[PDB]
Amino acid sequence: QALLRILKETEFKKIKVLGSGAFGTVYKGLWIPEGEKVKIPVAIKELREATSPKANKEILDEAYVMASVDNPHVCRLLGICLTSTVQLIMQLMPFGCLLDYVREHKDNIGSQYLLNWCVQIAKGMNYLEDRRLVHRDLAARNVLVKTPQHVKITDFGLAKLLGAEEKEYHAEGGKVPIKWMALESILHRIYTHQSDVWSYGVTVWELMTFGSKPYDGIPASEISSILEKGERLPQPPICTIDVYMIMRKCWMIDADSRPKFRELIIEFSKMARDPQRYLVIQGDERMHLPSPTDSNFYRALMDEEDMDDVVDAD
Amino acid sequence: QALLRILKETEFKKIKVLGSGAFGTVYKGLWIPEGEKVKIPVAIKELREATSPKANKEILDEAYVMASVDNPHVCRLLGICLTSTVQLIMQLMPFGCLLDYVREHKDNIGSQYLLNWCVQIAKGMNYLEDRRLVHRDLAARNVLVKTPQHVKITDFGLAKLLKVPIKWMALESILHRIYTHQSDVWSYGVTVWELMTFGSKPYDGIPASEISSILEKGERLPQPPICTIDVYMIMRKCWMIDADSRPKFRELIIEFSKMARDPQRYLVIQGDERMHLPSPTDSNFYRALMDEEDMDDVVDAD
Ligand SMILES: *CCC(=O)Nc1ccc(OC)c(Nc2cc(-c3[nH]c(SCCOC)nc3-c3ccc(F)cc3)ccn2)c1
Ligand SMILES: *CCC(=O)Nc1ccc(OC)c(Nc2cc(-c3[nH]c(SCCOC)nc3-c3ccc(F)cc3)ccn2)c1
Ligand SMILES: [Cl-]
Ligand SMILES: [Cl-]
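Residue numbers (PDB author numbering), protein chains in the order written: chain D, 701 to 1014; chain B, 701 to 862, 875 to 1014.
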């Protein structure tokens, strides 16, 4: 109720485009509180139109759910503007998304960061599962960096809200994330918490390869066939067999043989307590988590919300 | 202590002057974390030359104390840059200071905000008193607006670290340069008077050289147009000659909180039905966007 603010077009302005995805276009924006003269930075997403003529009441009902999430590793929807088109407002994250972050910092990222990101994403997804919410598009592009030590999931439930034309399930690298999807989602549009776990495994692979594209060069139309033949994403060079095995379990054909997010939290938390045993990165001792001084400073400036302590090495 | 980050000159940049005061110039700045590509707004105060220069070790010791304050209504010093000058770094407050805010909103501020600001300032000062820290320069200009519903005291400790606010000062501070928690209570009374007059200058048109004589005669700032006598008697007790006759900050929290529960009974403002606190919807939006720290609940009406 009081969790989702209904904005008028007169009280916010899109300022500079930041990029787009299958769900819409994202802008850095400014919120102007009524009667005030300050301009408050916000992130605004102008959504693509839904594949069906959904009642506005169901868009609002779905947005109320998105505004109801309360977890340090899930981005809460803060506001909505409904005109002819739908616009979503949330907190702006200046560090951008984790996919861009690992690509741009590939030679500066140590094992402690990689393993803690895996923990935090699993915690966010476990919260979504506890709320009975299936994400449907978990990917590194949909994990946002609040600080380098604090990541948060976004864009959950948008695939279910906006839908996708079935032509896109057979197009070449279109709006349907075929190469992140469980086989049962590709074949029968079956979406469950356990198919989210499949996408979690692909997300981890993106991180451990510092943002490589999964199944690069393979047509989207052939993915279901190569998956049925038992082919999977390769072992990243920095991953020990323990880490790769977790990823491989995420991609089992039988969905209920895959790990659960609550188990993934525990296993990645265990590895983070001895990070150099599970990931092999040249120069890893240069790339520790921030000092208490730097962490205190980061949190006071940019990240005052509560969060579980990161897992340090033993 | 890990509460104070010492910054290099090369990792931040001043981009605009926001204002100035007796202690230095305030800039909006951008913090550039090393190896990152983001620029994070900050507020930077470059201090002027101290009257008698202090040893670097002593500047650091006082900075560590300033970084040690942990209360929702006191601004914590976050970092320092010690070179040929002293530059203090804190979180930027885009709403600015409360003095400018009440002046800009002279025709739009409701009684619930005014009384709640009095509560929050008293809570911050009570915290400083518990830490045995004297502010020495409490004034509406040194109260910052994080959101309209959440204000915070700033500039603690600068006065002794380093153009004298005679019209905010207790008589014993004017006469004998004595500064205590009870002389902070005097300045709190002047600060409340500033808020309730929507930012009027105290003793306007009266030379500062005459203030101590006027106080000794028993004259004080007048009852603000909107204040019932309940509120004005609190102010007058703040300005008693006997420092131990003045109220305690702990008591001021209780009294203003009681009044904030029935605000239109204690402040009489034209069209007060115009204005009021944000709904839970607008408060959740403000908090999630720019005020995620833990804070005591607002005092709402009946
Ligand atoms: C992975 C690509 C990306 O997000 N880059 C990026 C670059 C610069 C930024 O700020 C300086 C941000 N900050 C940000 C982004 C989002 C967000 N990102 C996406 S992915 C599609 C293309 O985005 C560029 N969607 C959102 C979003 C979801 C819901 C909503 F209500 C608003 C935006 C959110 C917050 N901050 C990212
Ligand atoms: C009452 C005058 C005022 O503060 N105006 C003002 C205008 C615009 C702002 O941001 C857009 C801010 N924000 C702010 C100010 C300060 C701060 N204010 C002062 S009072 C002297 C005049 O300053 C403008 N001192 C400070 C300060 C103290 C310590 C430090 F380390 C940095 C700054 C702090 C944060 N945000 C204010
Ligand atoms: Cl998108
Ligand atoms: Cl100043």
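Cβ atoms here follow ideal geometry from the backbone N, Cα and C, with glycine treated the same way.
- The nearest non-hydrogen atom of ligand 4 is less than 7 Å from the C-beta of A722/B.
- A buried status is given to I789/D, since no fewer than 16 other beta-carbon atoms sit within 10 Å of its beta-carbon.
- Burial of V843/D is indicated by the presence of at least 16 other C-beta atoms within 10 angstroms of its C-beta.
- Two segments are said to touch when three or more pairs of C-beta atoms, one from each, lie closer than 8 Å; by this definition the segment 757–766 of chain B does not touch the segment 708–726 of chain B.
- In the structure shown, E749/D falls within a coil segment according to DSSP collapsed to helix, strand and coil.
- In the structure shown, the three-state DSSP call for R986/D is helix.
- For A871/D, the secondary structure class from DSSP, reduced to helix, strand or coil, is coil.
- Judged by beta-carbon spacing, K713/D lies beyond the 8 Å limit of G735/D, meaning their Cβ atoms are not closer than that value.
- Chain-ordered, the chain D residues with CB closer than 7 Å to the CB of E1005/B read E1004.
- By a beta-carbon distance limit of 8 Å, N756/D does not contact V1010/D. Their separation comes to about 41 Å.
- With a threshold of 7 Å, the Cβ atom of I789/D counts as near ligand 1, since some heavy atom of the ligand is closer than that.
- Listed along the chain, the chain B residues whose CB falls inside 7 Å of the CB of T993/D are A702, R705.
- Checking the 7 Å criterion, the Cβ of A864/D is out of range of every heavy atom belonging to ligand 2.
- At least one CB of chain D lies nearer than 8 Å to the CB of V742/B.
- For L1001/B, the nearest beta carbon of chain D is closer than 8 Å to its own beta carbon.
- When 7 Å is used as the limit between beta carbons, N996/D is near these residues of chain B: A702, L703, in chain order.
- The residues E762, in chain order, have a CB closer than 6 Å to that of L861/D in the same chain once the five nearest residues on each side in sequence are set aside.
- A residue is called buried when at least 16 other Cβ atoms come within 10 angstroms of its Cβ; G983/B does not meet this threshold and is exposed.
- Annotation: the continuous alpha helix (DSSP H) that includes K757/B extends over 756–767.
- Take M952/D, set aside five residues on each side of it, and the residues of its chain with a beta-carbon closer than 7 Å to its own are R958, in chain order.
- In the structure shown, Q812/B adopts helical secondary structure according to DSSP, grouped into three states.
- With at least 16 other beta carbons inside 10 angstroms of its own, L704/D counts as buried.
- Taking 8 Å as the cut-off, the beta carbon of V845/D is found closer than this to the beta carbon of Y801/D.
- Residue pairing of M947/D in beta bridges, as defined by DSSP: absent, with no partner found.
- Taking CB atoms only, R841/D has no neighbour in chain B less than 8 Å away.
- Assignment of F723/D by DSSP, reduced to helix, strand and coil, places it in the coil class.
- For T993/B, the uninterrupted alpha helix (DSSP H) segment begins and ends at 992–1002.
- Contact between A920/B and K949/B is ruled out by a C-beta separation of about 24 Å, above the 8 Å threshold.
- Using a Cβ-Cβ cut-off of 8 Å, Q791/D is close to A1000, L1001 of chain B, given in chain order.
- By alpha-carbon distance to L887/D, the top candidate from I853/D, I926/D, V851/D is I926/D.
- Using a CB distance below 8 Å, no part of the segment 810–843 of chain D faces chain B.
- Non-local beta-carbon contacts of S969/B in its own chain, meaning distances under 7 Å to residues more than five positions away in sequence, involve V819, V1011 in chain order.
- Spatial neighbours of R932/D in its own chain (CB-CB distance under 7 Å, excluding positions within 5 residues in sequence) are listed in chain order as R948, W951.
- Around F795/D, the beta-carbon contacts reaching into chain B at under 9 Å are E736, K737, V738.
- Neighbours of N808/D in chain B, taken as residues whose beta carbon is under 8 Å from its own, are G735 in chain order.
- Residue contact check for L883/D against chain B: no CB pair falls below 8 Å.
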